[PDB]
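# just coords:
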Ligand SMILES: NS(=O)(=O)c1cccc(NC(=O)NCCNCc2ccc(Br)cc2O)c1
Ligand SMILES: [Zn+2]
């Protein structure tokens with residue numbers, strides 16, 4: 001039983017998941033004076049098929065938009081990778097108020113939310129289940145979301161939430177290309193890290209975009225109005241779901257720019 005409350009939250013996760021104190025934990029604070037530019041990093045290349053969009057689900061602590069992952073219709077390539085990675089999900093993290101909510105921070109600056117677009121290594125592994133615990137198994141793009149003007153690209157996502165208000169509800173979510181949510185520039189930082197919540201596997205190559213995307217105060221309010229309880233129980237809004245940043249433990253954050 002993990003969550004984001006005071007008793008089951010990030011600071012207690014290590015009791016059930018000792019890897020929470022590991023050497024490749026995420027998120028991290030990116031100190032830009034300590035990043036190392038790497039001339040070998042190629043540009044990020046995403047090519048997603050909107051027909052792979054499948055379902056939106058309320059998972060209690062968050063909501064997920066999942067994608068069909070039976071073939072290479074929707075892939076991420078380039079950057080630090082020599083393998084192609086298959087899209088399987090995107091989701092967001094947010095905080096209790098606008099002042100925080102992102103997971104990664106840049107030079108100590110906290111943003112209001114963060115988008116995660118997750119992929120698994122289909123060149124090397126046969127399924128997400130096999131890839132999920134492998135050091136080279138997962139690739140996640142993180143986009144920092146800065147509070148400001150309403151972001152119209154979020155519209156379909158936001159409009160879908162009324163059908164998945166409570167824990168366990170799910171609905172079709174089709175014909176959507178999440179590359180439309182990415183910033184204009186794909187300049188990025190990369191470092192070896194982990195899932196940011198249990199099971200916290202140290203299996204993620206992180207791709208953190210330099211450019212933020214916008215989100216309005218009211219759009220964030222829609223996230224926070226999702227309910228963590230099951231239908232019929234007392235309503236418990238999903239106020240936050242961002243993990244604090246974790247020690248780099250000697251890792252190097254590389255920059256593509
Ligand atoms: N971008 S991220 O915030 O680091 C991120 C991306 C993907 C997954 C998670 N963590 C969870 O889903 N934890 C709950 C278990 N749900 C089942 C399950 C699904 C996928 C994977 Br892989 C492992 C796994 O056990 C975090
Ligand atoms: Zn995430």
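Thanks, I have it. Residues are numbered from 1 along each chain as shown. Ligands and ions are numbered 1, 2, ... in the order given.
# backbone dihedrals for residue 217, please?
According to degrees, to the nearest 10, the main-chain angles of residue 217 amount to phi -60, psi -40.
# ok, it - contacts?
Residues counted as contacts of residue 217 (C-beta atoms under 8 Å, 6 or more residues apart in numbering) are 98, 147. C-betas here are computed from N, CA, C, even on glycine.
# kindly provide the distance from it to residue 168.
Counting by C-beta to C-beta, to the nearest Å, the gap between residue 217 and residue 168 amounts to 28 Å.
# also residue 96?
23 Å.
# can you check residue 98 too?
The separation that residue 98 has from residue 168, given C-beta to C-beta, amounts to 29 Å.
# which one's more surrounded, the two?
When neighbours are counted by other C-beta atoms under 10 Å, residue 98 comes out ahead of the other of residue 98 and residue 168, with 19 against 12.
# can you tell me the SS state at the more buried one?
Counting by DSSP: H, G, I helix; E, B strand; the rest coil, the backbone at residue 98 sits in coil.
# that one against residue 221, yeah?
No - under the criterion of C-beta atoms under 8 Å, residue 98 is not in contact with residue 221, lying 9.7 Å apart.
# for the residue nearest in space to the middle of the chain, grab phi and psi.
Residue closest to the average C-alpha location in the chain (C-alpha atoms, centre = their mean): residue 116, at 2.2 Å. Per-residue torsions, residue 116: phi -120, psi 120 (degrees, to the nearest 10).
# contacts only, for it.
With the criterion set at C-beta under 8 Å, 6+ apart, residue 116 makes contact with 90, 91, 92, 93, 140, 141, 142, 196.
# please go through the residues you listed and note which also touch ligand 1.
Filtering these for neighbours of ligand 1 using C-beta under 6 Å from any ligand atom leaves 140, 196.
# with secondary structure as extra columns, can I get the contacts of residue 116 in TSV?
Converted to TSV, those look like this (three-state DSSP):
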residue	secondary structure
90	strand
91	strand
92	strand
93	strand
140	strand
141	strand
142	strand
196	coil
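# make a markdown table out of the contacts of residue 116 and add distance to residue 251 and neighbour count.
As requested, the contacts of residue 116 are arranged in a markdown table below (distance: C-beta to C-beta, whole Å; neighbours: other C-beta atoms under 10 Å):
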| residue | distance to residue 251 | neighbour count |
| --- | --- | --- |
| 90 | 25 | 23 |
| 91 | 24 | 19 |
| 92 | 25 | 24 |
| 93 | 21 | 25 |
| 140 | 16 | 24 |
| 141 | 18 | 26 |
| 142 | 15 | 24 |
| 196 | 15 | 25 |
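# could you list the buried residues of stretch 19-34?
Of the residues in stretch 19-34, those scored as buried under the neighbour-count criterion (16 or more other C-beta atoms under 10 Å) are 19, 20, 22, 24, 25, 26, 27, 28, 29, 30.
# which residues are contacting that stretch?
Contact partners of stretch 19-34, identified using C-beta under 8 Å, 6+ apart, comprise 10, 13-14, 102-108, 142, 189, 191-196, 199-202, 204, 206, 208, 243, 245-251, 253, 255.
# stretch 218-236 now?
58, 60-61, 63, 92, 94, 96, 98, 101, 112-113, 147, 150-151, 154, 158, 161, 164-169, 237-240.
# start to end distance for it?
19 Å (C-alpha to C-alpha, to the nearest Å).
# what about it, distance to the chain center?
Its chain's C-alpha centre lies 20 Å from the corresponding centre of stretch 218-236 when counted by C-alpha atoms, centre = their mean, to the nearest Å.
# take the contacts of stretch 19-34 and keep only those in strands.
Judged by DSSP state E, the subset of these located in strands is 105, 106, 142, 189, 191, 192, 193, 204, 206, 208, 255.
# close enough to count as contact, the third one and residue 205?
So the one you mean is residue 142. No - under the contact definition of C-beta under 8 Å, residue 142 does not touch residue 205, with a separation of 11.2 Å.
# tell me the residues on this structure that lie near ligand 1, please.
By the criterion of C-beta under 6 Å from any ligand atom, the positions of the chain lying close to ligand 1 are 116, 118, 132, 138, 140, 195, 196, 197, 198, 199, 204.
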